[PDB]
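> Generate coordinates for the sequence data below:
(chains A, B, C and D)
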4 protein chains.
Amino acid sequence: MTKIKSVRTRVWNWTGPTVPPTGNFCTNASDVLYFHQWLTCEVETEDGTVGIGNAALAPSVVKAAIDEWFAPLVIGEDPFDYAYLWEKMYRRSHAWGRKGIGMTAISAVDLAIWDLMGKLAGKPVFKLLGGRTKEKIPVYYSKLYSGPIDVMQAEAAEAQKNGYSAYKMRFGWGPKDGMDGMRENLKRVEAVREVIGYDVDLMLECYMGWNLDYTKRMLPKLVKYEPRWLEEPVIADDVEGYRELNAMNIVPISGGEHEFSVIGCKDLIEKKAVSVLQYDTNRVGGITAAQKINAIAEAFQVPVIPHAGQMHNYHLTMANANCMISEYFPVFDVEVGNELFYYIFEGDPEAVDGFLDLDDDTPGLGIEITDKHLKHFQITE
Amino acid sequence: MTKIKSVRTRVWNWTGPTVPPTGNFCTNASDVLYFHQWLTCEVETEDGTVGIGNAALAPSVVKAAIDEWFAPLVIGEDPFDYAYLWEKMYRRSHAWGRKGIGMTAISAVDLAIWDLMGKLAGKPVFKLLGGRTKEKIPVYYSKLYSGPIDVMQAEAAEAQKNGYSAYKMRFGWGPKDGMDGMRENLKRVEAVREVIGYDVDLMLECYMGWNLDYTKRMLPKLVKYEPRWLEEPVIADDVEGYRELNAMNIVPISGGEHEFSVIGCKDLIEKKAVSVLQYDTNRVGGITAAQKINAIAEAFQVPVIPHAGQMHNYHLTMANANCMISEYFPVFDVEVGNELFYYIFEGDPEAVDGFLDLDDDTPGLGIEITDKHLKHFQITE
Amino acid sequence: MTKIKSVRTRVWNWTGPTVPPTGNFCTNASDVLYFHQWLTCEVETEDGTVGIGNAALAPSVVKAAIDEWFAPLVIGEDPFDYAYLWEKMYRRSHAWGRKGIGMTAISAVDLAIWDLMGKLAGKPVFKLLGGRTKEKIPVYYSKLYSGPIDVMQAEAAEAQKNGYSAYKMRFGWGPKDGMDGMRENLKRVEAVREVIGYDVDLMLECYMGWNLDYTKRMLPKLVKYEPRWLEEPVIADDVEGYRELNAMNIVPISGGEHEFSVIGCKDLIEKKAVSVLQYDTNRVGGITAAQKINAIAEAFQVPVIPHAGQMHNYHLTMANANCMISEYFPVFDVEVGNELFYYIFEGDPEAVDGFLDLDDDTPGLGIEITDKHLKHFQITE
Amino acid sequence: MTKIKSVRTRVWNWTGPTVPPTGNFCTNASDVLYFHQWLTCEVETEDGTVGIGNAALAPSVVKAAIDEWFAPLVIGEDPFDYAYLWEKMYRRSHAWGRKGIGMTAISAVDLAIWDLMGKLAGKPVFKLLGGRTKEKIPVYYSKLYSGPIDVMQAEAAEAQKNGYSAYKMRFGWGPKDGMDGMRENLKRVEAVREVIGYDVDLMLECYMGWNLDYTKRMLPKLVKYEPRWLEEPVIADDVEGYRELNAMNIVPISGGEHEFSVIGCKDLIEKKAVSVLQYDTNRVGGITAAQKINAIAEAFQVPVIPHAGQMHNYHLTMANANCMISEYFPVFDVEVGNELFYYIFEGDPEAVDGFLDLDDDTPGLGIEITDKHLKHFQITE
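Numbers count the residues shown, from 1 in each chain, chains lettered A, B, ... in the order given. Below is the structure in question.
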């Protein structure tokens, strides 16, 4: 048994070319009001093995938490005491850490620790989690930001070429735009359906942009388009609103990507706040947490479909039969900031004809930090 | 109308003399496992007026959030747009901020902004909040850390001299110590009652040290001592456990000091998770938040008794009739870290014969950052 | 600090020209059976400052309550002890005052006291409440009393010129008129939609004219017209009926304008009696009360849209992000009695292109009692 | 059939000798803060018959409501259309009348109307209500205001002479007095039990003086004294608090004397807010209302024991088997104001050996307004 030696946390700033977003083009929690980054966490053991974790939420602030509070707790420990290390981090920072910065920092560390275990054991992380429950992993195409109709329609037609069985689009108007914005929203769902048809699934996303009232009034209007779910209609604090909308059984409500810890997600599950749970492993508390969340969701038969198409999620999805598909979009330009991971890591699979797959023999998470794009980054430590 | 010019956030490290705690001497969320600081936030307007905020949770990490994310949002704004500024901070950081680091940073800023408004208006903050609902504010004596019986008994006898009508003590044993620890806990409640008697109230505190199971078994055993409440028996994430214990109606359950945002506390209230709500204004989201929380709690007739005896809480308590007493302990040595505020600020009232009071004429929060103890501090910016 | 000196309460009787209403033209709580006035309350401090409050419910009887019970309680007090004064009035009259006459009298007094504070502090009331959360305040056009189809249609077309994004109309038939009245009601919703279209919102009002049974049967029939809410289908005492209708999720149920006190409204909110809360500040208990109600509603994410387009409501709406629009109608003749305020006060903004706004610099409520129409009034004291 | 001709409403002010109350001597809704009158309403028909109603809440303000709004509605009507007249008053004033002043005014009028019907029909009101369900009516002794122990004990011993099977006392300390006040309260319950013993019932009254929190903590402490109920622990608005305390099943909670209308009381009943309902007929809406309330309470098997020992309650109690006892105290001096009725009316029975009775042959309510005490009254109209 080798022990954790060091924790190297870095904040990556995109200095490369960018495409400024447009009007809309996605509703947001800030709508009611009038540098793109990523974080890497590399954990190395005395024997030189290195595990890679990451986070995207408030990277500099998360790095300061990892450096000051979490790194010192894991140094000199066996990675295979992961549950104990998770608990140690969770309880030592509980006062301020149980959601937000703390739990995100914990995720990045825990992710690295799992990469370690797989590398130390010569096994892909998914094997340690239960192994192969699926031949390959279907994905749904997740982009279709709101914009002019012809623009959105052309995007749908292009995406269609790679044979997805499901698609997700974003809304552009909310409560501030009243009924006219409702009509604009509906026009765009309509336009996307015209291209992709009704032999595929269409999911809708509000990104915390709406509210309980607007959502209750909009819901009946969405039925004709047969959406598979409506994601984050309300702000993440408004769990009672989630339950209320979900219990209406008009369109399945989804969320969780802004929820933290095992208990946090347990409460969304038990209270029937979501029909689909979409935590991001690099937020929710790491694989240690997500593994436990997956057991709960499975037992309640609430589908888990993690936010984000990355390895830190794909291995979890592979190992659990109640995780049937993953979120995906291919490597395009930097426009929103969530694409940054494709320029920092090598190893994230590319979907082909609606599927991607994991290698039975690649140890750990199967990612490495890459050189290819150092030119477009300013990296701080 | 003058506008916010700058935000000056500093982390204070106690380098002065200290008294190392002992066995026990308070249960803790970390019990299941096998420098003292404070933060100041000074907001200054174009006309030189300065408002003082503060926080105690993870100060360096909170300062990094204030500096990077929150300060830039309030600069160039009217302090009297406080609700808008609160909302701006809350929604812009919602993804990662709604509890923990984010909401704590927001609290420190919001507190400064309220100090400003009172100074700008030549009114004590409590007047802006509704004014004087009480002749003076009764306090309960909040120390009595767990230790040898004679030690605890001597502390009680000393405290007794200042005529408190209520006292709170801490437990020293939890789930790990089984029945023997239960007996040790009960001996100490017993010992304190022997000194203070049954013509006063005794509150008990676990500081997240216990759990749902242990607490259910302990509750019947506490009845004979007539405790007024049992504070934070479980970890802050375990809200369902809170509800379950509270609904037993054996001893009133209290908590909230590790809860964040208006909605966070609304849920503790509506779900009957606590019989007494004890948020700390320098965590929960500032006075803007605490004012709204107080309205909810009042309407539900759940007493609000903020965690901590400081001005950032006392003004709130003065202005609302459902806030009947405050937490207090006088200026003693530095032993735990929570005493640090008495060496950084002047203006926090001292209880005399169980009461303290606010000045009808002192503008703002009535505190200032002091020189007296610069010798015992290393202050970083 | 200056103290309250006097309270001057007057009842205004319209002696000017009037337009007698017609068949229908609005359902009413009295349908099951077979002088227009307003009240002013002027509170003056020792230094000559005067704050203006008002009420419209049973003015002579409300004046007698203010004069005998409430005025004497506030005289010689600091306006900035408003919360204490509110509590004093509320508890001293609780036995008979907690709703109806008492709470209405309290509202008028409390409103004056808030006008004072803003004037004393040289700030618009909304700044003291949290400040500017909105660029301007959208309004919905609130008239469209029931009548002949061409009449209603012409009103809609005229209103349309001022560019409202939402409209409210009144029903003319209820339970007594059975299915034929249902058809008459539906014809009129139909007729209004023909003019205004489906790119705007249409709200419907029953003014306590219907009942639980009739409403349950009517609800499915209203769906095709996509109404945004149905206001006061039942009498204000029938809160269980409200909950039952609201939980059907057929059309959002609204109400509250006949509800009183913070707790009164808290119960409508917690019990899910309304989807939209519409208290009138000059009934519900004044700004002191409405401010606390707004915090509760916001936390539950129940939109607050006060009954009546006046300053006593607009400032509240400006200061809270969960208050997104206000009720409005422009100055027309005296026909119903609710128009009387436009002839008594100057300062109530006029909506232009669907919006109105508040002045960042006008202290207090920004209203004054006017001379312009003394000719059409007989004023008693 | 003769028709209502006039309504004569008068306010009686006691100018006679009085005994100023003392420290305590009863908790009150105003405790949290730091002329005695009665109303008569005489309704006369075209044939000279006169029915007598009354009220005690805010008499001048109630008279102004009766005079302006309610009298005009009943003039020229048959008294035997009482239900229609009740409905007419209730709905015409609903906006402002459904509780408080309005419903109290309605009570006084409705009471007169019932006196009329009995006189017109040559029957005691109780016969019209269902007749004699009891041989006589047991009463409980209702005084024992809080004071020095020997004083309270001497009162109990005196009362004991008239052979009551039940007694009610008032508490003198509340939330402001903390644990010491709890001990003072308990001493007095103890002292009263020492005199009266445990072969009788003891009821306790707080008169809205306590709160939900204090009451939950006090309840276990009251068990040893075997109280039959605890009356109005919280303010009348706090119905959720009532339900919560009542559901604890520690001591039966009672209330309702500050509740109004049939629906108001229905909600206390259905929601299990009280174990005993104690409306006062001269508040709750008159006999028309109380008759309907009695049917509801009976069906739910919630005992009805009206507040106040007067004819307006006794007839109701006689006619319903679920009304087993009445409140009583004999004619003593004027000290509190609630004794005033004994100096205004003749006909209210006097309890002897714990019982009083109604005359099978006396028409109407069996009361008349008396001359005996005109010397001690200034009567306004």
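> How is residue A:228 classified with respect to secondary structure?
coil (DSSP: H, G, I helix; E, B strand; the rest coil).
> so how far is chain B from residue A:333?
22 Å (CB to the nearest CB, to the nearest Å). All C-beta spots, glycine's among them, are computed from the backbone N, C-alpha and C.
> Wait, that residue touches residue A:20, no?
No: assessed by CB atoms under 8 Å, residue A:333 is found out of contact with residue A:20, at 10.9 Å.
> Name the residue in those two with the higher neighbour count.
The neighbour comparison of residue A:333 against residue A:20 (other CB atoms under 10 Å in any protein chain shown) goes to residue A:333, with 10 against 5.
> List the buried residues in the longest strand anywhere in chain A.
In chain A, taking DSSP state E as the definition, the longest strand is strand A:4-14. Within strand A:4-14, the residues scored as buried using 16 or more other CB atoms under 10 Å in any protein chain shown are A:4, A:7, A:8, A:9, A:10, A:11, A:12, A:13, A:14.
> anything in the next helix or strand after it near chain B?
The helix or strand immediately downstream of strand A:4-14 is strand A:37-45, counting by DSSP states H and E. No: using CB under 8 Å from any CB of the partner chain, strand A:37-45 stays clear of chain B, with a minimum separation of 10.8 Å.
> relative orientation of the longest strand of chain A and strand A:37-45 in degrees?
Interaxial angle of strand A:4-14 relative to strand A:37-45 (axes from the mean of the first three to the mean of the last three CA atoms, to 10 degrees): 160 degrees.
> is strand A:4-14 anywhere near chain B?
No: Strand A:4-14 is not in contact with chain B by CB under 8 Å from any CB; minimum separation 11.0 Å.
> the inter-axis angle of the helix ranked longest in chain A versus strand A:37-45?
Across chain A, the helix with the greatest residue count (assigned by DSSP state H) is helix A:101-121. With the same axes, to 10 degrees applied, the angle from helix A:101-121 to strand A:37-45 works out at 50 degrees.
> thinking again about what came up before, check which strands are paired with the longest strand of chain A and give the direction for each one.
strand A:37-45 (antiparallel), strand A:377-380 (antiparallel) (DSSP bridges).
> Now do the last one: everything it contacts.
Contacts made with strand A:377-380 from outside it, assessed by CB atoms under 8 Å, 6 or more residues apart in numbering or on different chains, are listed as A:10, A:11, A:12, A:13, A:14, A:15, A:16, A:35, A:60, A:343, A:344.
> cutoff 10 Å now
A:9-16, A:35, A:37-38, A:40, A:59-60, A:63, A:340, A:343-344 (CB atoms under 10 Å, 6 or more residues apart in numbering or on different chains).
> In chain A, mark out all the strands, start to finish.
Using DSSP E, strands in chain A cover A:4-14, A:37-45, A:50-55, A:137-142, A:166-170, A:201-205, A:230-231, A:253-255, A:276-277, A:326-328, A:345-346, A:355-356, A:368-369, A:377-380.
> Looking at those, which one is packed in the most?
Among those, ranked by average contacts under mean count of other CB atoms under 10 Å in any protein chain shown, first place goes to strand A:253-255 (a mean of 28).
> Does chain C have contacts with that one?
No: applying CB under 10 Å from any CB of the partner chain, one finds strand A:253-255 separated from chain C by no less than 13.9 Å.
> who are the neighbours of that strand, in terms of helices and strands?
strand A:201-205, strand A:230-231, helix A:239-247, strand A:276-277 (3 or more CB pairs under 10 Å, 6 or more residues apart in numbering or on different chains; DSSP states H and E).
> swap the cut-off to 7 Å and go again
On a contact count with 3 or more CB pairs under 7 Å, 6 or more residues apart in numbering or on different chains; DSSP states H and E, strand A:253-255 meets strand A:230-231, helix A:239-247.
> wouldn't residue A:140 be in contact with residue A:164 here?
Yes: the criterion here is CB atoms under 7 Å, and residue A:140 meets it with residue A:164 at 6.1 Å.
> residue contacts, whichever residue of the stretch 1-150 of chain A sits closest to chain C?
When distances are taken as CB to the nearest CB, the stretch 1-150 of chain A reaches nearest to chain C at residue A:34, 4.3 Å away. Residue A:34 makes contacts with C:134, C:135, as judged by CB atoms under 7 Å, 6 or more residues apart in numbering or on different chains.
> what's the neighbour count on the residue of the stretch 51-200 of chain A found nearest chain D?
Residue nearest to chain D within the stretch 51-200 of chain A (CB to the nearest CB): residue A:95, separated by 26.1 Å. Neighbourhood size, residue A:95 [other CB under 10 Å]: 22.
> One more: the one 4 residues further on?
Residue A:99 sits with 29 neighbouring residues when counted by other CB under 10 Å.
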